[PDB]
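Visitor: Pasting a structure below so you can have a look.
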Amino acid sequence: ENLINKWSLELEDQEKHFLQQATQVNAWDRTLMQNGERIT
Amino acid sequence: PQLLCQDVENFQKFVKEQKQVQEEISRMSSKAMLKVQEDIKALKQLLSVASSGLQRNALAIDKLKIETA
Amino acid sequence: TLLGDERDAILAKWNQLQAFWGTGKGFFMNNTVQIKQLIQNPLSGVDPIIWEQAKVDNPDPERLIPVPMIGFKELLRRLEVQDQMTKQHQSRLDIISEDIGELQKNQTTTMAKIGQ
């Protein structure tokens, strides 16, 4: 039952990290749009 | 049990492979985005400087026209 | 056995099949009447419910429509789009700056002619 534990653990961990990653991507996209406006 | 012990390995393999995509996103961190706002804020002030130069030129233009007349 | 079922949950967790996609379900606002054509009749496999909740929580709905983000590989593709847009962006800033600089040089020459 050990590897089964590590499976769920890595799941939760990397999932939290990837969620924060998608969030940083969303922020970068927000900034790209906002600066594109000033460029226009 | 072989079925169970093979499903465990294939499942953890799939999960670890998706964790690899998490790792790729971790690598992908973006900063030129942070630079874009600076570039635009500078482009605005530079265009404003050009505007100020031309607005100073227009009054000299009117002076030239009237005096030449 | 609840062990194999927890394992099945772990297996569907980190995966591209959107079977409770590892709590990796995340939505991005990709800029965009044809809107109302696309944003409904839901997307490639996102749940209608969460997609409607996203269109509900999407900021700048005129400046952005909902777009499915699929795991962190999609975050990677998104950061690639971001870098490409940033390149074009600083390049456009460069075009604008070149225009401004040409304006200032020619304006200086015009002003010097004014004195003559």
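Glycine gets a Cβ as well: all are built from the backbone with ideal geometry, and neighbour counts include every protein chain shown. Values in this text are rule-based calculations from the coordinates and carry no lab data.
Visitor: Could you figure out which of (1) of a type in the set (A, V, I, L, M); (2) closer than 30 Å to C:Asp94 by Cα; (3) in contact with a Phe, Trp or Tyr (Cβ under 9 Å, 6 or more places away or on another chain) isn't true of B:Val21?
Guide: Of the numbered conditions (1) of a type in the set (A, V, I, L, M); (2) closer than 30 Å to C:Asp94 by Cα; (3) in contact with a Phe, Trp or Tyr (Cβ under 9 Å, 6 or more places away or on another chain), the odd one out for B:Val21 is (2).
Visitor: Something else now. For a quick check of your reading of the model, give me the residue pairs whose first member lies in segment B:22-44 and is within 9 Å of chain C (Cβ to nearest Cβ), whose second is assigned to a helix (DSSP H, G or I) and of a type in the set (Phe, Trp, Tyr), with beta-carbon atoms closer than 6 Å and at least 6 apart or on different chains.
Guide: B:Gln22/A:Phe18; B:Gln22/C:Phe72; B:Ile25/A:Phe18; B:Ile25/C:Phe72; B:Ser30/A:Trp28; B:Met33/A:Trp28
Visitor: Looking only at helices (runs of 4 or more DSSP H) that fall completely inside segment C:32-116, which ones have 2 or more residues that are facing chain B (nearest Cβ under 9 Å)?
Guide: Answer list for segment C:32-116: C:71-115.
Visitor: Then there is this: Considering B:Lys44, B:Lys35, B:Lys13, which residue is loosely packed, with under 12 Cβ neighbours inside 10 Å and in a helix (DSSP H, G or I)?
Guide: When all the criteria are applied, what remains is B:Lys13.
The rows are residues; the columns are (1) in contact with a helix residue (DSSP H, G or I) (Cβ under 8 Å, 6 or more places away or on another chain); (2) surrounded by fewer than 20 Cβ atoms within 10 Å (Cβ to Cβ); (3) of a type outside the set (D, E, K, R).
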| site | (1), (2), (3) |
| --- | --- |
| C:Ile50 | no, yes, yes |
| C:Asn58 | no, yes, yes |
| C:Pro68 | yes, yes, yes |
| C:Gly71 | yes, no, yes |
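Visitor: What do you reckon, is A:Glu15 at the interface with another protein chain (Cβ under 7 Å from one of its Cβ atoms), more than 13 Å from C:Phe28 (Cβ to Cβ), among the charged types (D, E, K, R) and crowded, with 22+ Cβ neighbours inside 10 Å?
Guide: Against the criterion (at the interface with another protein chain (Cβ under 7 Å from one of its Cβ atoms), more than 13 Å from C:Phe28 (Cβ to Cβ), among the charged types (D, E, K, R) and crowded, with 22+ Cβ neighbours inside 10 Å), A:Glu15 qualifies.
Visitor: Let me ask another. When segment C:1-42 is examined, which residues are found to be under 30 Å from A:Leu9 (Cα atoms), buried (at least 19 other Cβ atoms within 10 Å of the Cβ) and aliphatic (A, V, I, L, M)?
Guide: C:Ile10, C:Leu11, C:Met29
Visitor: Being farther than 30 Å from C:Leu79 by Cα, out of contact with any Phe, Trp or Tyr (no Cβ under 8 Å at 6 or more places or on another chain) and among the charged types (D, E, K, R), is that true of even one residue in segment B:52-62?
Guide: There is at least one residue in segment B:52-62 that is farther than 30 Å from C:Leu79 by Cα, out of contact with any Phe, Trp or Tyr (no Cβ under 8 Å at 6 or more places or on another chain) and among the charged types (D, E, K, R).
Visitor: Among (1) facing chain C (nearest Cβ under 8 Å); (2) within 22 Å of the chain's Cα centre (by Cα); (3) over 23 Å from A:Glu12 (Cα atoms), there is one condition B:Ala60 misses while meeting the rest; what is its number?
Guide: (2)
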